[PDB]
6 protein chains.
Amino acid sequence: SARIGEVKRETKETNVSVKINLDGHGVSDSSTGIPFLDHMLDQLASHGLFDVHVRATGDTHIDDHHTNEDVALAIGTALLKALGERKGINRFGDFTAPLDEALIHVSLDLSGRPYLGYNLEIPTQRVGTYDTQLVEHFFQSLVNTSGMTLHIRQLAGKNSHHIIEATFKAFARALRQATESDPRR
Amino acid sequence: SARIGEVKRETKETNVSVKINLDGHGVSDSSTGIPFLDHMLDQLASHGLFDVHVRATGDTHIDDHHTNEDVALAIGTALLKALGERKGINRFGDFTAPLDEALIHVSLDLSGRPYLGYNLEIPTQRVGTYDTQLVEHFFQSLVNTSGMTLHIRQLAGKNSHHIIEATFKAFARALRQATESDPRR
Amino acid sequence: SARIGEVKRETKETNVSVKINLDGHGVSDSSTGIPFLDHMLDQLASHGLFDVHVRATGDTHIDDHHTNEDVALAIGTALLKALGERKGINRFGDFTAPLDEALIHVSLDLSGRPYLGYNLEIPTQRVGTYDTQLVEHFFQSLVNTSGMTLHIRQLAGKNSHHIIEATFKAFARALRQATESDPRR
Amino acid sequence: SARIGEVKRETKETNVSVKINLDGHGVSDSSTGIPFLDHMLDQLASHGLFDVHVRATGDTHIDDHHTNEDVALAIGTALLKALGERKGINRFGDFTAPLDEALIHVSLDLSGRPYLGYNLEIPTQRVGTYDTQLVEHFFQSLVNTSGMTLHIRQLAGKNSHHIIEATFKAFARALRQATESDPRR
Amino acid sequence: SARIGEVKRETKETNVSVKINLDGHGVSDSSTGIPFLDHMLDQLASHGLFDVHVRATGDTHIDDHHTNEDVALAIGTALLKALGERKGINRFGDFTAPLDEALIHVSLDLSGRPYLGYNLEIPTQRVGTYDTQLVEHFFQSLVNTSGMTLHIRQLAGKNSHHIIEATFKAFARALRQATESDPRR
Amino acid sequence: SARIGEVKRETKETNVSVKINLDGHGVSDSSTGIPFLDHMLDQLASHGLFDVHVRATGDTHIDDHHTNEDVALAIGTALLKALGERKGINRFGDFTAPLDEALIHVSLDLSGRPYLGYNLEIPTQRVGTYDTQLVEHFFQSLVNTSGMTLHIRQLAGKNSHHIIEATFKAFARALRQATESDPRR
Ligand SMILES: [Cl-]
Ligand SMILES: [Cl-]
Ligand SMILES: [Cl-]
Ligand SMILES: [Mn+2]
Ligand SMILES: [Mn+2]
Ligand SMILES: [Mn+2]
Ligand SMILES: [Mn+2]
Ligand SMILES: [Mn+2]
Ligand SMILES: [Mn+2]
Ligand SMILES: [Mn+2]
Ligand SMILES: [Mn+2]
Ligand SMILES: [Mn+2]
Ligand SMILES: [Mn+2]
Ligand SMILES: [Mn+2]
Ligand SMILES: [Mn+2]
């Protein structure tokens, strides 16, 4: 029986719907109003083998910040819901992924205690129209509602898109590991 | 009897109308042609319990600068008008507000002598489409027409939107304090 | 009608019961198995005018860590419960308190987003039998379950007991401010 | 047929009995006379899925050193015995585990050649009553009798209990990996 | 049906034949005219569970460079051929292996885009008769024809043979992981 | 008989068609969806006397990265195809071109071994709407599919458009030299 979490959340600023299947096939269905974030959520699905359905609208004329934040918060809650009683899972994930010259290590523990350790140094301010400060905020907000211990470490990288995408690949693979069944539990 | 100041000001560059109620309920009604500034003026209303009505148009195809400046000048004048004879008010305000990792101290004196002390270090050039140099200019122009002594001190912060928004929260709360009745005066 | 939050939480390591009245009279009733923590919780009650009832037992033969953490987590949850819908409160608190040569600034926002900014430099490892690393962990854990934005800044201090106690005084006064009714809301 | 190693060792200073099942269920049964070490050995069992039975007595009135050392030596020998001919196992283990802000990488090879690489910087001298110098000595002594190549690397951390516990989690998971069957061997 | 790639390549300088089975049993059959390289290719087979058959002759009286390069190029092509359509594989590999005091991290992606990140600092010029500059060139040439993203990071090490051998162990294990079936794909 | 290479390549992200005549007249016919890249490809044609026909579409709403990369990859392949057996050509090219204050040296070898040496320091993040990180990626991707040894050295320059355009002029002239007939071969 697949582990599925669903969240709908509305504020004056944003409207967000998330559905995540931890036992998915990598089905990617994300439309946030932030194209670069959509691309990253596609990576989350494809590299994590999650099914990810996201819809968001919001006040992107002000900036992408509120949308990005509210999407992340809802994803964190959806993950928490999907995990249920967390019985029999690996709990810990650890993966280091490259994307060309970029190399990003992610380690996480589905601990119930939120913590983000993050040291990315993204050398440009905009990837497409996406404000690169928002990457940290995405992970911070996700951690806060999921109750995840998450460390993200930049080991190499120069191209901003590579750095951010490698982060999502590594995160997805680490989260896949953590959420999967431990065969001895 | 509520303290209300109104200003209409037209130049070749901009057209601005401001109405501020110092004894308001936080009614936010701001449309400047600069969405991020609108968002900040909403914070001013909600955190200061001012009623803030602003309309502006201007030469935003050149850049947001003239609009931002002329809005600020008019707000400063409206504040001055609303304050009237300044009898029986606290006069001084002092508040430090966070927004997540950002922490901003504002101290002000409704002194009749303009002065801005400002040390924000906003680490990105654009929040949405808003040029972050314009934050200092907003406060400088406001001080100049209001005749306010204003100090803004960045105690912490990394996210530009957080830094700027925390500034407006702290300013609003400090200005609320300064404009309110001193119960012993 | 007084705002009261109650939490009972048991783990393999600890057993904790907390009851907090936000609208209290400073009634202090704290027994955690960690005498220095009891003393600090007494300060929280007396300086914040909270009624604080805490009972904890745990694995203090290993060290005080699990007890300290679980007490803090439960207090954060109790605060959250007590706050209820958070209508009409100040929400923000800001206070700087001395204790002799020590001087500690606390700023907080009852925001729903956990964040701790903390820069205390406590110059000794043990105050009585209390491990001074546990002060940061107390506030971090409290923030995490309460969903509080909390900044703690050491402005001066040399004596470890003074530094820590001044922190609790400042925190208590800032939290009192934040939880109290805003008379214009 | 489960791989079980047993050691009894007596000196003038200490008396130690160890039984370890490499193919266990995480049964934790450790009483060394050093409560913090007991807690760490519980982590070894739970995170490694070893069954760990330890009893020790010794000259803890002098300090915990001889007990800690003799426990570690006996565990290393028990591991060696349990491994038997080492046929068909992964041999290598590599895992990085967090505990909140702490992040510890362990890499090991069941090589038959003892080596410890260790760079932990534990910022306090006592965790509970446990001398934090003894952590290095525990791993060194274990390596020496097991004939293990072991590298322990502190990637992040501030709280001493977190640093040490994360080390044991990472070690346990790496040792589980190394001792498990390689499905292609 | 085992994935086997075969390459024969002749130049004026060298003559090389390679056959690699990705689904092997660790059969090592390598004779390049460079004994140290043979030893490393044996590690590749044994730690990766590849079957590796290599024969090379060349102008080693000039130096080992052309042989080393042409062997590496052919291995990269053989890997590419063996991988075929790359369907259903893990694609990514990440492993850190010790050899006594040496500790080497390898991360790779079978991406189709060649990239080598390499930071080994091998402290001697010759291991046996093998020029230690040739290690980097081996991996660079392999990457270039395989279309692999490869990062090699020296975490510790002093003995040149240990450093280089640990690199091949880590690489072999990471490449095994990447080339193996993903059980959910 | 003119040396013409043609490539059509489609991915989920981009659709690219390239036709290059090494023995051209400088016919420029490039439409990539990235106006600045079009301008640079026009320089390639005019300064190299290549006929360059490029059409690309792609996911430029995410950013220009995938388009830029896929165009470059296809150009590299087209060059490789056009070169055919590479008989009788100069093979090496070396040219240094100014554009006002900018001065860029390009040296290349049509070697069959991909390598990019690149040290441009482009002082602004956007030239028009073009992300200046993409210049390095363009040349890297081109090198990777063409099998070119390419060195790009910034000798002087301040204006980003000048720096990048001078690079394309120098590259075009060096590539013209390398691809032309050696009159003694
Ligand atoms: Cl590392
Ligand atoms: Cl201060
Ligand atoms: Cl030169
Ligand atoms: Mn935010
Ligand atoms: Mn991408
Ligand atoms: Mn101006
Ligand atoms: Mn905002
Ligand atoms: Mn803890
Ligand atoms: Mn005291
Ligand atoms: Mn000793
Ligand atoms: Mn513990
Ligand atoms: Mn060479
Ligand atoms: Mn060897
Ligand atoms: Mn790319
Ligand atoms: Mn031009």
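All heavy atoms count here, side chains included; hydrogens, waters and symmetry mates do not. First the proteins, then the strands, lettered A, B, ... as listed; each starts at 1. Just so you know, ligand 1 is whichever comes first in the structure, and atom 1 is the first atom listed for that ligand.
- The Mn ion (ligand 4) lies at the vertex of an angle of 90° between the NE2 atom of B:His162 and the NE2 atom of A:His137 (rounded to 10°).
- The Mn ion (ligand 12) sits nearest to atom OE1 when only the N, O or S atoms of E:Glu69 are considered.
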side-chain hydrogen bond (donor to acceptor under 3.5 Å, both in side chains), that's the test. Do B:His161 and A:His137 meet it? Break it down for me.
CA-CA 11 Å; B:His161 184 145; A:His137 205 322; over 6 Å; no

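- A perpendicular orientation is assigned to the rings of E:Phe171 and E:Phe139, their planes being inclined by more than 60° (bins at 30° and 60°).
- When rounded to 10 degrees, the angle formed at the Mn ion (ligand 9) by OE1 (C:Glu165) and NE2 (C:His39) equals 90°.
- In terms of distance to the Mn ion (ligand 12), the nearest N, O or S atom of E:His65 is named NE2.
- Ring planes of B:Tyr130 and B:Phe36: parallel class, angle under 30° (limits at 30 and 60°).
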side-chain hydrogen bond (donor to acceptor under 3.5 Å, both in side chains) between B:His39 and A:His66, intermediate numbers included
CA-CA 12 Å; B:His39 179 44; A:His66 301 153; 3.3 Å; yes

